[PDB]
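Next up, data_34.cif (mmCIF, C-alpha atoms and all ligand atoms):
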```cif
data_coords
#
loop_
_atom_site.label_atom_id
_atom_site.label_comp_id
_atom_site.auth_asym_id
_atom_site.auth_seq_id
_atom_site.Cartn_x
_atom_site.Cartn_y
_atom_site.Cartn_z
CA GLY M 174 -11.03 -12.88 -21.09
CA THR M 175 -8.16 -10.45 -20.54
CA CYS M 176 -8.31 -6.66 -20.18
CA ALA M 177 -5.55 -4.08 -20.58
CA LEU M 178 -4.84 -1.12 -18.30
CA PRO M 179 -6.42 2.04 -19.74
CA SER M 180 -4.26 4.96 -20.88
CA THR M 181 -6.72 7.31 -19.18
CA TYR M 182 -8.24 6.30 -15.82
CA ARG M 183 -11.80 7.17 -14.77
CA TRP M 184 -13.17 6.06 -11.40
CA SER M 185 -16.34 6.17 -9.36
CA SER M 186 -15.94 6.45 -5.57
CA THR M 187 -17.71 5.38 -2.39
CA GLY M 188 -18.25 7.91 0.38
CA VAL M 189 -16.37 7.56 3.66
CA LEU M 190 -16.47 3.85 4.51
CA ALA M 191 -15.73 3.93 8.26
CA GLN M 192 -15.09 6.20 11.26
CA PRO M 193 -12.13 5.53 13.56
CA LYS M 194 -12.84 3.79 16.88
CA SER M 195 -12.82 6.01 20.00
CA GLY M 196 -9.21 7.13 20.69
CA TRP M 197 -8.12 7.27 17.03
CA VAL M 198 -8.36 10.37 14.81
CA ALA M 199 -7.44 8.48 11.62
CA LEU M 200 -7.44 5.17 9.74
CA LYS M 201 -4.60 5.02 7.23
CA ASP M 202 -2.19 3.26 4.85
CA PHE M 203 -4.44 0.34 3.99
CA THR M 204 -3.38 -3.09 2.81
CA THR M 205 -6.09 -5.56 1.79
CA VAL M 206 -6.73 -9.08 0.56
CA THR M 207 -9.75 -11.31 0.12
CA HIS M 208 -9.57 -14.03 2.78
CA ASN M 209 -12.27 -16.75 2.80
CA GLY M 210 -14.62 -14.66 0.65
CA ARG M 211 -14.30 -11.60 2.90
CA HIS M 212 -12.34 -8.32 2.80
CA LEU M 213 -9.38 -8.46 5.17
CA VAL M 214 -7.97 -4.98 5.85
CA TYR M 215 -4.99 -3.86 7.92
CA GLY M 216 -4.13 -0.20 8.39
CA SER M 217 -2.15 2.34 10.38
CA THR M 218 -3.96 4.25 13.12
CA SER M 219 -3.28 7.68 14.53
CA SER M 220 -4.23 9.08 17.93
CA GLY M 221 -2.70 12.37 16.74
CA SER M 222 0.33 11.84 19.00
CA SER M 223 1.56 8.51 17.60
CA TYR M 224 0.85 5.87 14.94
CA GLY M 225 -0.30 2.33 15.65
CA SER M 226 -1.97 -0.39 13.58
CA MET M 227 -5.18 -2.40 13.47
CA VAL M 228 -7.19 -4.92 11.49
CA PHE M 229 -10.90 -4.68 10.65
CA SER M 230 -13.04 -7.72 11.43
CA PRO M 231 -13.62 -9.47 8.08
CA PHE M 232 -16.60 -8.16 6.11
CA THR M 233 -18.16 -9.19 2.79
CA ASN M 234 -19.29 -5.84 1.32
CA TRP M 235 -17.47 -2.49 1.37
CA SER M 236 -20.82 -0.98 2.43
CA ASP M 237 -20.50 -3.00 5.68
CA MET M 238 -17.00 -1.75 6.57
CA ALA M 239 -18.70 0.94 8.70
CA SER M 240 -20.00 -1.70 11.15
CA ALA M 241 -16.89 -3.93 11.12
CA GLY M 242 -15.05 -4.35 14.42
CA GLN M 243 -11.80 -2.39 14.67
CA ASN M 244 -9.11 -4.43 16.38
CA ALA M 245 -5.91 -2.72 17.59
CA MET M 246 -2.60 -4.54 17.28
CA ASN M 247 -0.80 -4.61 20.65
CA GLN M 248 2.49 -4.03 18.80
CA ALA M 249 2.44 -1.32 16.11
CA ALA M 250 2.86 -2.31 12.45
CA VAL M 251 2.89 1.10 10.77
CA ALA M 252 2.18 1.27 7.02
CA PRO M 253 1.68 -2.53 6.77
CA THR M 254 1.87 -4.92 3.80
CA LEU M 255 -0.21 -8.10 4.07
CA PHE M 256 0.11 -11.19 1.86
CA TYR M 257 0.05 -14.97 1.82
CA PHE M 258 3.46 -16.50 1.00
CA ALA M 259 2.49 -19.66 -0.86
CA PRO M 260 5.92 -21.40 -1.03
CA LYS M 261 5.96 -21.66 2.79
CA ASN M 262 2.18 -21.65 3.42
CA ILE M 263 2.52 -18.67 5.75
CA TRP M 264 1.08 -15.16 6.02
CA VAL M 265 3.44 -12.18 6.14
CA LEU M 266 2.87 -8.73 7.63
CA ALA M 267 5.66 -6.29 6.77
CA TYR M 268 5.92 -2.78 8.17
CA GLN M 269 8.07 0.15 9.30
CA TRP M 270 9.35 1.44 12.68
CA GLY M 271 10.73 -0.82 15.40
CA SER M 272 14.10 -2.53 15.85
CA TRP M 273 14.93 -2.18 12.12
CA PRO M 274 13.94 0.28 9.31
CA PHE M 275 11.59 -2.40 7.88
CA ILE M 276 10.28 -5.38 9.79
CA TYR M 277 8.04 -8.40 9.27
CA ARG M 278 6.03 -10.90 11.27
CA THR M 279 4.41 -14.17 10.16
CA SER M 280 1.14 -15.94 11.00
CA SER M 281 -1.10 -18.86 10.13
CA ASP M 282 -4.17 -16.74 10.94
CA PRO M 283 -4.06 -13.22 9.47
CA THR M 284 -7.44 -12.25 11.02
CA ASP M 285 -5.83 -12.11 14.49
CA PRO M 286 -4.14 -8.72 15.17
CA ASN M 287 -2.08 -10.31 17.98
CA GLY M 288 -1.38 -13.76 16.49
CA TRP M 289 1.71 -12.57 14.58
CA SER M 290 5.17 -14.03 15.34
CA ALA M 291 8.15 -12.19 16.86
CA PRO M 292 9.37 -9.29 14.65
CA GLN M 293 12.24 -10.01 12.24
CA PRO M 294 14.42 -7.66 10.15
CA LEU M 295 13.25 -7.04 6.58
CA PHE M 296 15.65 -4.21 5.70
CA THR M 297 18.48 -2.53 7.62
CA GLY M 298 19.82 -0.02 5.10
CA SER M 299 19.83 3.77 5.11
CA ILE M 300 19.23 6.42 2.46
CA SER M 301 20.60 9.93 1.95
CA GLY M 302 18.70 13.22 1.70
CA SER M 303 15.63 11.98 3.58
CA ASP M 304 13.90 13.40 6.66
CA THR M 305 12.04 10.10 7.18
CA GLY M 306 14.49 7.38 6.23
CA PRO M 307 13.06 4.39 4.29
CA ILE M 308 9.24 4.65 4.22
CA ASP M 309 6.19 2.77 2.89
CA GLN M 310 7.67 -0.57 1.82
CA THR M 311 5.89 -3.01 -0.38
CA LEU M 312 6.86 -6.58 -1.30
CA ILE M 313 6.22 -8.44 -4.54
CA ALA M 314 7.59 -11.61 -6.08
CA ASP M 315 7.53 -12.96 -9.60
CA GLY M 316 8.22 -16.65 -10.22
CA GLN M 317 11.92 -16.29 -9.38
CA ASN M 318 12.76 -13.34 -7.10
CA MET M 319 11.22 -11.51 -4.14
CA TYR M 320 11.41 -7.72 -4.43
CA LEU M 321 11.31 -4.92 -1.89
CA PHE M 322 10.25 -1.45 -3.09
CA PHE M 323 10.25 1.65 -0.89
CA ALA M 324 10.31 5.45 -0.85
CA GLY M 325 11.99 8.15 1.23
CA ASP M 326 9.82 11.28 1.16
CA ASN M 327 12.57 12.63 -1.11
CA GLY M 328 11.75 12.07 -4.79
CA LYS M 329 13.40 8.65 -4.97
CA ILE M 330 12.12 5.08 -5.29
CA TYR M 331 14.35 2.24 -4.14
CA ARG M 332 14.41 -1.51 -4.81
CA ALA M 333 16.06 -4.59 -3.30
CA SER M 334 15.81 -8.26 -4.26
CA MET M 335 16.55 -11.82 -3.16
CA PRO M 336 15.85 -15.27 -4.62
CA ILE M 337 12.35 -16.37 -3.51
CA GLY M 338 13.91 -19.47 -1.86
CA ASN M 339 15.59 -17.12 0.65
CA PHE M 340 12.28 -15.50 1.75
CA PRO M 341 10.99 -14.92 4.44
CA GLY M 342 14.19 -13.16 5.37
CA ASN M 343 16.29 -10.04 5.62
CA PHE M 344 17.12 -8.02 2.49
CA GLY M 345 19.99 -6.53 4.52
CA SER M 346 21.42 -3.06 3.90
CA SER M 347 21.82 -3.06 0.10
CA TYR M 348 19.46 -1.41 -2.39
CA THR M 349 19.21 0.04 -5.88
CA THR M 350 17.95 3.60 -6.56
CA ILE M 351 15.54 3.02 -9.45
CA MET M 352 13.75 6.37 -9.84
CA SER M 353 14.71 9.98 -9.10
CA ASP M 354 12.50 13.05 -9.42
CA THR M 355 11.33 15.98 -7.29
CA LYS M 356 10.10 15.35 -3.75
CA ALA M 357 6.58 16.27 -4.92
CA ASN M 358 6.61 13.86 -7.88
CA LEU M 359 7.84 10.70 -6.12
CA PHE M 360 6.92 11.17 -2.51
CA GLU M 361 5.73 7.98 -0.73
CA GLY M 362 2.98 5.29 -0.69
CA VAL M 363 4.63 3.15 -3.38
CA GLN M 364 2.81 0.00 -4.49
CA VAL M 365 3.67 -2.58 -7.17
CA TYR M 366 1.39 -5.19 -8.77
CA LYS M 367 1.31 -7.87 -11.46
CA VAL M 368 -1.27 -7.08 -14.14
CA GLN M 369 -3.19 -10.33 -14.65
CA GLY M 370 -3.39 -11.38 -18.30
CA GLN M 371 -0.62 -9.01 -19.42
CA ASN M 372 3.17 -9.26 -19.48
CA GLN M 373 3.21 -6.14 -17.35
CA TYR M 374 3.75 -4.82 -13.83
CA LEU M 375 2.11 -1.73 -12.41
CA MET M 376 3.72 0.73 -10.00
CA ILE M 377 1.80 3.53 -8.33
CA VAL M 378 3.49 6.28 -6.31
CA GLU M 379 1.85 8.94 -4.15
CA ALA M 380 2.66 12.50 -5.19
CA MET M 381 1.92 15.92 -3.69
CA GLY M 382 -0.16 17.88 -6.18
CA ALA M 383 -1.38 21.48 -6.25
CA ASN M 384 -4.88 20.26 -5.33
CA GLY M 385 -4.03 17.36 -3.02
CA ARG M 386 -2.39 13.95 -2.79
CA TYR M 387 -2.64 11.85 -5.94
CA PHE M 388 -1.09 8.77 -7.55
CA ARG M 389 1.18 8.59 -10.61
CA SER M 390 1.41 5.22 -12.40
CA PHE M 391 4.29 3.50 -14.22
CA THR M 392 4.58 0.18 -16.09
CA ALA M 393 7.36 -2.38 -16.60
CA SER M 394 7.67 -5.77 -18.33
CA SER M 395 9.93 -7.07 -15.56
CA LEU M 396 10.25 -6.31 -11.82
CA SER M 397 13.99 -5.70 -12.34
CA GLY M 398 13.32 -3.54 -15.42
CA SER M 399 12.86 0.15 -16.21
CA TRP M 400 9.62 1.94 -15.30
CA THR M 401 7.81 3.94 -17.98
CA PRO M 402 5.44 6.77 -16.93
CA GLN M 403 1.82 5.81 -17.63
CA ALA M 404 -0.72 8.13 -16.00
CA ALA M 405 1.83 10.32 -14.29
CA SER M 406 0.68 13.94 -13.96
CA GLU M 407 -1.88 15.65 -11.69
CA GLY M 408 -4.14 16.42 -14.68
CA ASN M 409 -3.92 12.83 -15.94
CA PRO M 410 -3.29 10.76 -12.79
CA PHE M 411 -3.65 7.08 -11.94
CA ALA M 412 -6.06 8.33 -9.23
CA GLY M 413 -6.58 11.86 -7.94
CA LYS M 414 -9.05 14.74 -7.62
CA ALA M 415 -9.04 14.91 -11.45
CA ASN M 416 -10.61 11.47 -11.97
CA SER M 417 -11.65 9.88 -8.65
CA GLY M 418 -15.35 10.80 -8.75
CA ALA M 419 -15.01 11.45 -4.99
CA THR M 420 -16.76 14.47 -3.44
CA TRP M 421 -15.83 13.93 0.20
CA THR M 422 -12.07 14.22 -0.40
CA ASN M 423 -9.72 16.09 -2.75
CA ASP M 424 -6.92 13.74 -1.68
CA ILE M 425 -6.29 10.21 -2.93
CA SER M 426 -3.59 8.91 -0.62
CA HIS M 427 -1.72 5.78 0.68
CA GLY M 428 -3.73 2.61 0.13
CA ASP M 429 -3.81 -0.64 -1.84
CA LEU M 430 -5.39 -1.92 -5.03
CA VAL M 431 -7.89 -4.65 -4.16
CA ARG M 432 -6.16 -8.03 -4.48
CA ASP M 433 -8.45 -11.03 -4.89
CA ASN M 434 -5.54 -13.47 -4.89
CA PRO M 435 -3.80 -12.83 -1.53
CA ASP M 436 -0.45 -14.33 -2.61
CA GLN M 437 3.04 -12.81 -2.91
CA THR M 438 2.66 -11.97 -6.63
CA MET M 439 0.39 -9.00 -5.79
CA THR M 440 -1.75 -9.80 -8.84
CA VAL M 441 -4.58 -7.43 -9.79
CA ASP M 442 -7.32 -8.01 -12.36
CA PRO M 443 -7.46 -5.07 -14.82
CA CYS M 444 -11.05 -6.10 -15.71
CA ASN M 445 -12.25 -5.34 -12.16
CA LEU M 446 -9.79 -2.79 -10.76
CA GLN M 447 -10.60 -1.25 -7.36
CA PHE M 448 -8.52 0.99 -5.09
CA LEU M 449 -8.84 1.10 -1.29
CA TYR M 450 -7.44 4.54 -0.46
CA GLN M 451 -7.23 7.08 2.35
CA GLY M 452 -8.87 10.49 1.92
CA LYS M 453 -9.79 13.44 4.14
CA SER M 454 -12.24 16.34 4.34
CA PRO M 455 -11.03 19.27 2.22
CA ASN M 456 -11.68 21.50 5.25
CA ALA M 457 -9.38 19.54 7.58
CA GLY M 458 -6.20 21.38 8.56
CA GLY M 459 -3.51 21.48 11.22
CA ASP M 460 -0.54 19.22 11.91
CA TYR M 461 -0.11 16.34 9.44
CA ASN M 462 -0.12 13.74 12.23
CA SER M 463 -3.58 14.81 13.41
CA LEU M 464 -5.31 14.76 9.99
CA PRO M 465 -8.66 12.87 9.92
CA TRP M 466 -7.86 10.27 7.25
CA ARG M 467 -10.67 7.82 6.34
CA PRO M 468 -11.06 4.76 4.04
CA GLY M 469 -12.68 5.03 0.60
CA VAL M 470 -12.89 2.69 -2.41
CA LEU M 471 -12.51 3.64 -6.08
CA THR M 472 -13.97 1.41 -8.81
CA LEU M 473 -12.61 1.72 -12.36
CA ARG M 474 -15.25 2.70 -14.93
CA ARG M 475 -14.74 0.80 -18.19
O1 LIG Q 1 6.23 11.64 12.92
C1 LIG Q 1 6.95 11.58 11.68
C2 LIG Q 1 5.93 11.63 10.54
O2 LIG Q 1 5.25 12.90 10.56
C3 LIG Q 1 6.58 11.38 9.17
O3 LIG Q 1 5.51 11.20 8.24
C4 LIG Q 1 5.61 12.03 7.09
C5 LIG Q 1 5.50 13.49 7.52
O4 LIG Q 1 5.45 14.35 6.40
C6 LIG Q 1 4.36 14.12 5.51
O5 LIG Q 1 4.48 14.93 4.45
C7 LIG Q 1 4.17 16.27 4.74
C8 LIG Q 1 2.70 16.55 4.43
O6 LIG Q 1 2.45 17.94 4.52
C9 LIG Q 1 3.19 18.70 3.66
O7 LIG Q 1 2.79 20.05 3.82
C10 LIG Q 1 4.67 18.58 3.94
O8 LIG Q 1 5.36 19.29 2.94
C11 LIG Q 1 5.09 17.12 3.87
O9 LIG Q 1 6.43 16.92 4.28
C12 LIG Q 1 4.30 12.66 5.02
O10 LIG Q 1 3.07 12.44 4.31
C13 LIG Q 1 4.43 11.68 6.18
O11 LIG Q 1 4.56 10.34 5.69
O12 LIG Q 1 7.47 10.25 9.16
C14 LIG Q 1 8.45 10.21 10.21
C15 LIG Q 1 7.76 10.29 11.57
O13 LIG Q 1 8.76 10.25 12.59
CA CA Q 2 1.64 0.40 1.66
CL CL Q 3 17.44 -5.13 -6.81
#
```
The structure given in the file should be rewritten as structure tokens.
Amino acid sequence: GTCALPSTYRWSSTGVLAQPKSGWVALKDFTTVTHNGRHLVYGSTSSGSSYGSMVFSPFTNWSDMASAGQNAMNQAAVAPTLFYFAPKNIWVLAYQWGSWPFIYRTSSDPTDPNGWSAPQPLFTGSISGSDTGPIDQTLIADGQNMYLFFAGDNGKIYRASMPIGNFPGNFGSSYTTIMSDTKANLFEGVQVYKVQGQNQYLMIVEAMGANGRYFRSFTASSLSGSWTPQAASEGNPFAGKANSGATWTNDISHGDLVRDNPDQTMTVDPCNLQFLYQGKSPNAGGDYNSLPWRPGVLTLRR
């Protein structure tokens, strides 16, 4: 019936799942749902000079991602979050960079990279001690409230909230600072999920380790509650070089746990946990913006 999250995570990994289309040096920052029995994946793109976004043509097996069409969005949605918002029967794509710090668009057909509505403000606030400003938003609702979580490349995690009845809409400028640590420990790539079958929420945050990017996990009993470190060191990570089972990459970086239910609750099944992540060749160097990031999938070994 129900499974619990392990205290120690062990994964197996695919190899590189796809190469970027001509003109891109990287595929990045994945968000994914199952839509009509197929994997639906949005991501950031990089040409090395600037970031854009794209969607893969829907595919049934991860092993077929390599042949999936890669469809550029004509208006960039960097570091996107995709979900179905059930109370209004509408799909939401939230992202960073444009007229506001965070932005969203809506659609009745999430497979179309250019079928999204006019951009609307999601968040208009500002944070201190950050070179980036607000970065890597995610959205998650319980039964009562819609939450915004984000990072700032600065060791902090931030949260905002509104009643679900007021979403889709603008969180405005206000936020709460919920976590504070070193820049390395709480860097970016924050994601939050409901653990199916448990009275528990799961937060993962990307950290900069000695050996590469990795994820630290935290749990809470409430989205407005305190977060308790779970697998939160480089030696005992949520997912990292230590436990990924990946050979092609020493980095486990910005992605999304695989969500079978596409809705706003961001529910994951702890019995069948999988992680769509970005990784890169250990030999790749140079400017961050030119790094050859690629998609991979981790599968939890039970
Ligand atoms: O163009 C800007 C982007 O580059 C920026 O993205 C962040 C840039 O810094 C990255 O972190 C660095 C990785 O390499 C390490 O050696 C450095 O210490 C880190 O700072 C981070 O991963 C990116 O998200 O955002 C703002 C854009 O204008
Ligand atoms: Ca994200
Ligand atoms: Cl809040």
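Considering all atoms listed in the file, the residues that reside within 6 Å of ligand LIG 1 (chain Q) can be listed as residues 305, 461 and 462 of chain M.
Take the candidates M:229, M:360, M:258, M:331 and check each one against ligand CL 3 (chain Q) using all atoms listed in the file; the shortest distance goes to M:331.
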Tell me which residues come within 10 Å of (-0.9, 17.9, -4.3), as a VMD selection string, counting all atoms listed in the file in the file's coordinates. chain M and resid 357 to 358 379 to 388 407 413 to 414 423 to 425
Determine, using only C-alpha atoms and all ligand atoms, which residues of chain M have any atom at most 12 Å from an atom of ligand CA 2 (chain Q), and tabulate each with its shortest atom pair and distance in Å to one decimal place, rows ordered by chain and then rising number, as a tab-separated table.
```
residue	atom	partner	partner_atom	distance
M:201	CA	Q:CA2	CA	9.6
M:202	CA	Q:CA2	CA	5.7
M:203	CA	Q:CA2	CA	6.5
M:204	CA	Q:CA2	CA	6.2
M:205	CA	Q:CA2	CA	9.8
M:214	CA	Q:CA2	CA	11.8
M:215	CA	Q:CA2	CA	10.1
M:216	CA	Q:CA2	CA	8.9
M:217	CA	Q:CA2	CA	9.7
M:250	CA	Q:CA2	CA	11.2
M:251	CA	Q:CA2	CA	9.2
M:252	CA	Q:CA2	CA	5.5
M:253	CA	Q:CA2	CA	5.9
M:254	CA	Q:CA2	CA	5.7
M:255	CA	Q:CA2	CA	9.0
M:256	CA	Q:CA2	CA	11.7
M:266	CA	Q:CA2	CA	11.0
M:267	CA	Q:CA2	CA	9.3
M:268	CA	Q:CA2	CA	8.4
M:269	CA	Q:CA2	CA	10.0
M:308	CA	Q:CA2	CA	9.1
M:309	CA	Q:CA2	CA	5.3
M:310	CA	Q:CA2	CA	6.1
M:311	CA	Q:CA2	CA	5.8
M:312	CA	Q:CA2	CA	9.2
M:313	CA	Q:CA2	CA	11.7
M:321	CA	Q:CA2	CA	11.6
M:322	CA	Q:CA2	CA	10.0
M:323	CA	Q:CA2	CA	9.1
M:324	CA	Q:CA2	CA	10.3
M:361	CA	Q:CA2	CA	8.9
M:362	CA	Q:CA2	CA	5.6
M:363	CA	Q:CA2	CA	6.5
M:364	CA	Q:CA2	CA	6.3
M:365	CA	Q:CA2	CA	9.5
M:366	CA	Q:CA2	CA	11.8
M:376	CA	Q:CA2	CA	11.8
M:377	CA	Q:CA2	CA	10.5
M:378	CA	Q:CA2	CA	10.1
M:379	CA	Q:CA2	CA	10.3
M:426	CA	Q:CA2	CA	10.2
M:427	CA	Q:CA2	CA	6.4
M:428	CA	Q:CA2	CA	6.0
M:429	CA	Q:CA2	CA	6.6
M:430	CA	Q:CA2	CA	10.0
M:449	CA	Q:CA2	CA	10.9
M:450	CA	Q:CA2	CA	10.2
M:451	CA	Q:CA2	CA	11.1
```
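Nearest-residue note for residue 284 (chain M): choosing from M:421, M:184, M:391, M:264, the minimum distance belongs to M:264, counting all atoms listed in the file.
Minimum atom-to-atom distances from M:347, M:472, M:334, M:209 to ligand CL 3 (chain Q) were compared using only C-alpha atoms and all ligand atoms, and the lowest value belongs to M:334.
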